[PDB]
Amino acid sequence: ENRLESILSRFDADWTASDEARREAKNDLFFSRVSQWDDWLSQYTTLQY
Amino acid sequence: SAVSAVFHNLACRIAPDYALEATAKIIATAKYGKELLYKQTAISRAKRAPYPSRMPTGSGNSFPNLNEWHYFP
Amino acid sequence: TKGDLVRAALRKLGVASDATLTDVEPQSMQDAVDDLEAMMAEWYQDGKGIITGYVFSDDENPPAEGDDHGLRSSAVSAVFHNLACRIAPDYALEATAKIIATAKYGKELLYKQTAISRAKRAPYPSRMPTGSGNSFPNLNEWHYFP
Amino acid sequence: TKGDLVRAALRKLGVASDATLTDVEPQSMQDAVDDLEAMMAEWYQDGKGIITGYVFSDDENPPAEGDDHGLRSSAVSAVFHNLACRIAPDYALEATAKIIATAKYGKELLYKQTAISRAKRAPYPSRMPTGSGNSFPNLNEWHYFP
């Protein structure tokens, strides 16, 4: 199962978790941004429609 | 460079003084010189008015900064 | 001499051939060198015009016979028709149909390479999708960002 | 058998015979030789002009005969007609109806093969499908080609 060394068990799962916290979870909260909030994103102090 | 344009139009204007009328090359170059001075100028002075009070700020924006113009949102 | 005129001593006599000056005209002038310098002052400012490969030689020591226009080899075949037209009213003459036709077609071929290179659409508007057909753009909105 | 007119000097004296049988023409001024080489410069200007097989500039002592030809047999009837129109204002004359008709059709012959070569669209845009209508597309989802 999990590695004999406790800290090594973290590292082996951290490598696949890196693409989870970079790529995946970034896109994940954008789903909820379109449905629960405005479709357009990433404009800053705009007064135009 | 503007010197190069204007004296062709000037050559047409002094022609009535001498009881003459300018030839085809002088009037062609003169109109081209008159057109060339205002060439870049007209593009820069072409502008449309800013948005009126009628235009909504929109709630579809991120950082909306209040809603609906009156010339202040 | 040569297919390329970068010397103003060869420039005057080249324009004079096209204008057919044998000094039977009302006057003889040195203007041809001064004519090209003025005609590529005008064409090189105020939104420019035709670009002929000319480099400036204004405000220099020569009388306007030693100064160097620096025109291209192919740029020769255009200019001396346009130059021979402009100095023609001074001699109380007007250019023939071949000279004015070649003058316009010549300067158009010199601008031909320039107008090709200036063609390409301006960047995307303030509102443009970031798409979901795109794979990992890692950005939302394309404003004037891309 | 010479229709070829090797060495461009022969083409210029052929224009003189075409203009007048006795070869007597009005006033003229030397340095029409730079105009001949410049015509062959402008043609094939930056590789985008009509291909004549000439270099932009040639010299020996005159530039006109600094390259004898480098033309086809067919291409001879092109060049000396366009040349006839060009040096006609230099002789204070203007080309006839048969000469200007052949001159336009002449430079069209040299470009006839070049036109067909440049006529062919470049490959697909930066976005293209390929679906499942291909087995081995060469990697599914095209742009240009992967």
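Cβ: placed from backbone, ideal geometry, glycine included. Neighbour counts: every protein chain shown. Read the figures in this text as sums done on the coordinates, not as results from a lab.
Observations on the structure shown:
- P(r) histogram, all alpha-carbon pairs of the protein assembly as shown included - 10 Å bins from 0, percent: 4, 15, 20, 16, 12, 12, 11, 7, 3, 1, 0, 0
- Dipole in debye (nearest 20) - segment C:77-146, about Cα centre, beta carbon charges: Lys, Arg +1; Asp, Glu -1: 140 debye
- Exposure proxy ranking, count of Cβ atoms within 10 Å, fewest first, for D:139, D:10: D:139, D:10
- Most mobile of D:130, D:114, D:102 in a GNM of chain D (Cα contacts under 10 Å): D:130
- Each peptide in B:60-66, C:28-34 was scored by the mean count of other Cβ atoms within 10 Å over its residues; highest first, the order is C:28-34, B:60-66.
- Two-site FRET efficiency, residue A:30 against residue D:141, from Cβ-Cβ distance with R₀ of 25 Å, rounded to 0.05: 0.65
- Charge dipole (Cα centre; +1 on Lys/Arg Cβ, -1 on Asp/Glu Cβ; no other charges) of chain A amounts to roughly 180 debye.
- Peptide D:56-62 shows a mean partner chain C-beta count of 4 within 10 Å per residue C-beta.
- Projecting the Cα atoms of A:31, A:17, A:6 onto the charge dipole of chain A (Cβ charges, centred on the Cα centre) puts A:31 farthest toward the positive pole.
- Computed from phi, the 3J(HN,Hα) profile of segment C:18-33 under the Karplus parametrisation 6.51, -1.76, 1.60 (θ = phi - 60°) reads 5, 8, 6, 8, 10, 6, 10, 7, x, 7, 10, 9, 9, 6, 4, 4 Hz, with x in place of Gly and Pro.
- In this structure the amide hydrogen of residue C:128, modeled in the peptide plane, comes within under 5 Å of the amide hydrogens of C:142, none closer than 5 places in sequence on its chain.
- Rounded to 10°, Cα long-axis angle of helix B:24-37 versus longest principal axis of chain B: 30 degrees
- Column: log10 I(q)/I(0), Debye, Cα scatterers of chain A, q = 0.18 Å⁻¹: -0.71
- Taking the helices alone, the protein assembly as shown has a mean residue ellipticity at 222 nm of -11500 deg cm²/dmol, built from -39,500 (n - 2.57) per DSSP H run of at least 4 residues and averaged over all its residues.
- Comparing C:63, C:26, C:129 in a Gaussian network model of chain C where C-alpha atoms under 10 Å apart are linked, the largest mean-square fluctuation is found at C:129.
- Centre separation in Å (Cα based) which lies between segment C:16-46 and segment B:36-73: 50 Å
- Residues in segment B:59-70 carry Karplus couplings, in order, of 9, x, 8, 9, 6, x, 6, 6, 9, 6, 5, 9 Hz; the curve used is 6.51 cos²θ - 1.76 cosθ + 1.60 with θ = phi - 60°, and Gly or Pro positions show x.
- Here the 3J(HN,Hα) profile of segment B:39-55, calculated from phi with Karplus coefficients 6.51, -1.76 and 1.60 at θ = phi - 60°, is 4, 6, 6, 5, 5, 7, 8, 7, 8, 10, 4, x, 4, x, 6, 5, 4 Hz, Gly and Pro shown as x.
- The distance from the alpha carbon centre of segment D:54-113 to that of segment A:23-44 is 68 Å, rounded to a whole number.
- Relative to the longest principal axis of the Cα atoms of chain C, the long axis of helix C:97-110 makes an angle of roughly 40 degrees.
- Within the shell of other residues whose beta carbon sits under 13 angstrom from the beta carbon of residue D:95, the net charge comes to 0, with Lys and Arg scored +1 and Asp and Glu -1.
- Residues of type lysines that residue B:34 reaches as a straight line, Cα spacing below 20 Å, ignoring anything fewer than 8 places off in the same chain: B:25, C:48, C:104, C:107
- All-pairs alpha carbon distance profile, chain D, 5 Å steps from 0, percent: 2, 8, 15, 17, 15, 10, 6, 4, 4, 5, 5, 4, 3, 2, 1, 0
- 0 to 90° range, to nearest 10: angle between helix A:25-35 axis and chain A longest Cα axis: 30 degrees
- Test item: C:43-49 mean partner chain Cβ contacts at 10 Å: 6
- Candidates C:136, C:56, C:80, ranked by Gaussian network fluctuation over chain C, Cα under 10 Å, top entry: C:136
- Averaged over peptide B:54-66, the number of partner chain Cβ atoms lying within 10 Å of each residue's Cβ comes to 5.
- With a cut-off of 10 Å between beta carbons, the residues surrounding residue C:138 carry a summed charge of +3, where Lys and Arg count +1 and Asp and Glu -1.
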